[PDB]
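In the block that follows, a single chain appears as structure tokens, in the form solved without ligand ATP.
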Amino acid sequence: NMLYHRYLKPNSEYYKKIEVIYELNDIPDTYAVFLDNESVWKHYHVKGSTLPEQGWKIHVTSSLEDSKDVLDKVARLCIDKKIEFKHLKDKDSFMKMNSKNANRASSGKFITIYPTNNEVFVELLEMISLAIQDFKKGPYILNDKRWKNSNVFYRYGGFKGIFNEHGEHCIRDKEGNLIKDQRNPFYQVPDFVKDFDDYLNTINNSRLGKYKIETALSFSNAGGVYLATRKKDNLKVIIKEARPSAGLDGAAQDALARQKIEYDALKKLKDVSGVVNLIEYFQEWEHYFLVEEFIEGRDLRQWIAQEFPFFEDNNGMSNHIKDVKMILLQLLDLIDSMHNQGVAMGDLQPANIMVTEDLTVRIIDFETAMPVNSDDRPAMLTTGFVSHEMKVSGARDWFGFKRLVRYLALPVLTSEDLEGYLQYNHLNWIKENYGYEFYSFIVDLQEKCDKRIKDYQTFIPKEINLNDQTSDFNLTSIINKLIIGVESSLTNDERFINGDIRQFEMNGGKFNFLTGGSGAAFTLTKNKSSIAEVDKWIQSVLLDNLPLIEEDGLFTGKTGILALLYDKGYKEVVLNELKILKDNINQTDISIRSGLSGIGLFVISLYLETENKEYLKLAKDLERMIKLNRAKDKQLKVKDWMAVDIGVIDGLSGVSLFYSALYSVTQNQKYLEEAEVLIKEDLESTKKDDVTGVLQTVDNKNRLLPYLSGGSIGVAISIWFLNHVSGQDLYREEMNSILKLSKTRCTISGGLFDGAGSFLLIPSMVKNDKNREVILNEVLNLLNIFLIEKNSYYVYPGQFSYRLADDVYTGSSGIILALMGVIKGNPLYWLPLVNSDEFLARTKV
């Protein structure tokens, strides 16, 4: 999710890879020097010799500057000893592996060393500590054991590739001959080489009982944060660990700086009782613990989540108005207070501000604190509350408040790339739902900040004119203008369109229906638009790439694409591809998104189109695989960080779609009961709200979810479809409680799967025409928060509205499909099925 930062190429309206060397030569022979597919590592390879099926490996840790020497020093005591090693290929690589938000299990590992075996191991330990004795002690590797007092670390693990089906990394044991690889924040020795480990344990040569330490709040490569309780009191407090040379930021600052800068600037700000005050500070162990004054309550984000009203509750937004009044009024002086110390709050956003059960406001976390008037580029930028045209420290602090002013009124993230367009959208929304009163409060407070910025630097903003943006409630009007938008933003690269970051981050994401070109290609074909562009792209990109997409997934892989190809007349190609699917794999993934259910759904839809019984036989075989997989365990493993194991996309609700569909074509009642059951098991994990009348799902992580991906809207689609195939009206009461989500006021994001776009599906399920209109009209209000007028047409913001996207997952294609569903009264139209314009009629009872 933090990956979005990586895709903010400046001066683009789309998510695009931010482009950015550890040199060295005097390279001997059969020293083959290569990179990878596109990894961090640079392999220095010798000769040709089986390096063990696993073994004892050495990691050298280094710090950023030394690094250049640390490589030259170790590389020679490796080149001259003709040893095999890899190092992080460049500065960007070092940053990412050591940054504040790198994985703990992998950080610090700068150079990896592979000794032939245990003697040269227990001897490179020696000959390497020595060459790097005069070098600043770098980040500690938490997965490894430290050797003596050095930057040299060791662990037992794999030297190349060892995977257990889908089960992470491994190392071939003996009887089991697999043993998965424990990459963890501690040192987790195997067992079959326990012998050699203890050997090394004897050749390797009350200040925190002060407090009890129960829970951990958060971790992070910089350190941790704990739920403490100092006896001599019972004063619950918050302790901030700081591992030196660890969690690097973008300024070359380590997790030491941001504790003695959350010191130099926590000091000056001791004289303000909004701000946080410290307990002590000390160099306990090699680390550091700056104990913090504990503050009960919730962060603003958590308050918004639980207290901001989402249900259209007819009178009572004023409740929230006074609250935004209580809070923001203070904060406005609390920032005034701070500024007479000469010190900038650095990173102002709803995470770093707290709120009790009586609306008391305090600013925590001071890793970013700077000198007002100074323009050193800030440490961590929080996109959505900053802009890269503020030059001076102080200005930036106030701009954070500015953006945050509106945020509390309408909590919808935006970035300084899209805020130009969406300011119009949100202000008009606020005016419409709060009154001119609250609108005015906002405008001024935001002109106030404009003052306190003009104090610091040249900053003439552009002015109002809300009338320049108006809502569109005509479905056909929206479709057409979103289409033109897509037609107006064809890349002419392999992707066909700009989509989510999963385009670059995930297997097949440039091509597949979910974020790839197939999804826009498909949608353009539905509106009979851009035919030659679609053909060009199919002809010169897609076909060539098809045989190379590894996944069979409906959204993630080949099957979605095959739907497009078949509907475009490429029967032969689908035909050949199906010949290969029948065997391809019967995986353990049953999801609609990427598993056997989504594949089986496609297969059924192809059977309907072709009337060829081979495909029915294939659908039945897939069922048998799903059934068994369902038996393997009542759990779902996950891949995509936004996935959850409930609902129509990644949950059992989606598995039910397959069963319904298979029902429609077999007439076998057994499948119908499996469908009902799979729904049922999902309904069990819903939470009906007593206050407001709405059913949402409930995830493991104790989120309440409305959306198509993970939430109740999806569940409803599965019910609607069961009913459609069987002729029943099951779960009518839970169905009604889900459609009540129509009254939702806002969502953080806009998209089909994870945002406002989900709600569009609600109307396609309502059987009444008469309540369809009220409902349609409500969800269009939601959508108009996100619709962007641009030239003559519309474009659509991707996730978190930081950048535009045209894809199915987040972008305009997802929305176009949803709006066409409404028209057609088809809540399944976002599915990439063969001739999906006949599908409903062909599956109807």
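Basically, rigid core = biggest C-alpha set you can superpose within 1.5 Å across the two forms. Quick note: we count residues from 1 along the sequence shown, nothing fancier.
- Count the deposited residues lacking coordinates between residue 205 and residue 206 and you get 4 to 9 of them.
- Taking the PDB entry as given, 213 to 221 carries the higher mean Cα B factor of the two stretches 213 to 221 and 429 to 437.
- Stretches 538 to 546 and 187 to 195 differ in mean CA B factor, with 187 to 195 having the higher one.
- Comparing C-alpha B-factors across 564, 443, 390, 698 in the deposited entry, the largest value falls on 390.
- Within the selection 464, 604, 596, 412, the deposited Cα B-factor values reach their highest point at 464.
- Looking at the C-alpha B-factors along this chain, the one for residue 671 belongs to the lowest third.
- Sort the modelled residues of the chain by CA B factor and residue 620 lands in the lowest third.
- The PDB entry assigns residue 117 a C-alpha temperature factor belonging to the middle third of its chain's modelled residues.
- Sort the modelled residues of the chain by CA B factor and residue 24 lands in the highest third.
- For residue 525, the recorded CA temperature factor ranks within the lowest third of the chain's modelled residues.
The protein also exists as the form solved in complex with ligand ATP; that form is not presented, and the subsequent description refers to it.
- Only one segment in the set 164 to 172, 317 to 325, 425 to 433, 357 to 365 has residues whose heavy atoms sit within 4.5 Å of ligand ATP in the deposited bound form; it is 357 to 365.
- This chain is displayed alone, yet in the deposited bound form one of 252, 580, 217, 460 has a heavy atom within 4.5 Å of ligand ATP; that residue is 217.
- Note on contacts: among 526, 301, 772, 287, the single residue with a heavy atom within 4.5 Å of ligand ATP in the deposited bound form is 301.
- Against ligand ATP in the deposited bound form, the set 276, 295 and 351 is in full contact: each member has a heavy atom within 4.5 Å.
- Shown alone here, residue 332 lies farther than 4.5 Å from ligand ATP in the deposited bound form, counting heavy atoms only.
- For the chain shown alone, residue 225 is a contact residue for ligand ATP in the deposited bound form, at least one non-hydrogen atom being within 4.5 angstroms.
- The shortest heavy atom separation between residue 238 and ligand ATP in the deposited bound form is within 4.5 Å.
- Just one residue from the list 173, 416, 487, 293 crosses the 2 Å line for C-alpha shift between this form and the one not shown on a rigid core fit, and it is 173.
- Superposed on the core, the two forms barely differ at residue 793: its CA moves less than 2 Å between this form and the one not shown.
- Fitting the two forms on the rigid core leaves the C-alpha of residue 159 displaced by at least 2 angstroms between this form and the one not shown.
- Positional change of residue 777 between this form and the one not shown stays under 2 Å at the C-alpha, relative to the superposed core.
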